[PDB]
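Enquirer: Show me the folded form of this:
(3 chains)
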Amino acid sequence: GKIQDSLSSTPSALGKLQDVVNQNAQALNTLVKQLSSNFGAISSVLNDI
Amino acid sequence: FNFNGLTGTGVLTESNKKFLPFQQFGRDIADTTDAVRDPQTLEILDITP
Amino acid sequence: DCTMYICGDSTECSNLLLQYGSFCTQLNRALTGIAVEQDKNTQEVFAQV
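Expert: Numbers count the residues shown, from 1 in each chain, chains lettered A, B, ... in the order given. Shown next is the structure:
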């Protein structure tokens, strides 16, 4: 019975398992955000250039 | 589609976005155009590949 | 810190780093992830009583 309340006590009880999906979404988000950099070129839009 | 010289590719659908009168282009996180106004008629359009 | 190494003490070079996006923001997250890990390892191996 204590296990039922302990899990519902704090939301951070699943920190060891929550960080797995947060890191995956964090790294993937930066990859698409990097597409806006022009890398010293005229513009970041390949269709426009 | 080719609006004012901006080449692109996708399906044009009706958009509920509320552009201010002095704005013409909408962009996402990846700096890719998603909303654009017809130069002749003042309705707003949505872009999705 | 990236700005002190790649373009240290120069404002002209500091501006040119912004056009690359957020490369060195990723590095700061990388080196701080292992930094916390080092302080963690001492706690499982020693702080057991």
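Enquirer: And stretch C:8-23, how far out from the chain middle?
Expert: Relative to the chain's own centre, stretch C:8-23 is displaced by 16 Å; criterion: CA atoms, centre = their mean, to the nearest Å.
Enquirer: And that stretch, end to end?
Expert: When the termini of stretch C:8-23 are compared using CA to CA, to the nearest Å, they are 16 Å apart.
Enquirer: How about it and chain A, any contact?
Expert: Yes - using CB under 8 Å from any CB of the partner chain, stretch C:8-23 comes into contact with chain A via C:19-22. C-beta here means a position set from N, CA and C on the backbone, and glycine is covered the same way.
Enquirer: Show me those that map onto strands.
Expert: Judged by DSSP state E, strands contain none of those.
Enquirer: Nearest to chain A, out of these: which one, please.
Expert: For the residues of stretch C:8-23 next to chain A, the minimum distance to chain A (CB to the nearest CB) is 3.5 Å, reached by residue C:21.
Enquirer: you'd agree that closest one is up against residue A:40?
Expert: No - between residue C:21 and residue A:40 there is no contact under CB atoms under 8 Å: 11.2 Å.
Enquirer: Name the helix or strand for the closest residue to chain C within chain B, please.
Expert: At 10.7 Å from chain C, residue B:31 is the closest residue in chain B, using CB to the nearest CB. Assigned by DSSP states H and E, residue B:31 falls within no helix or strand.
Enquirer: How about residue 44, nearest residue that isn't a chain neighbour?
Expert: I went with chain A, as the question did not name one. Nearest in space to residue A:44, with sequence neighbours left out and distances taken as CB to CB, 6 or more residues apart in numbering or on different chains, is residue A:38 at 4.7 Å.
Enquirer: Switch to chain B, please.
Expert: Distance criterion CB to CB, 6+ apart; nearest residue to residue B:44, sequence neighbours excluded, is residue B:15 at 4.6 Å.
Enquirer: these two touch, right, that neighbour and residue B:38?
Expert: No - using CB under 8 Å, residue B:15 is not in contact with residue B:38, being 11.2 Å away.
Enquirer: between those two, who's got more neighbours?
Expert: residue B:15 (17 against 11; other CB atoms under 10 Å in any protein chain shown).
Enquirer: which ones are touching the more buried one?
Expert: B:35, B:44-46 (CB atoms under 8 Å, 6 or more residues apart in numbering or on different chains).
Enquirer: Okay then, goodbye and thanks.
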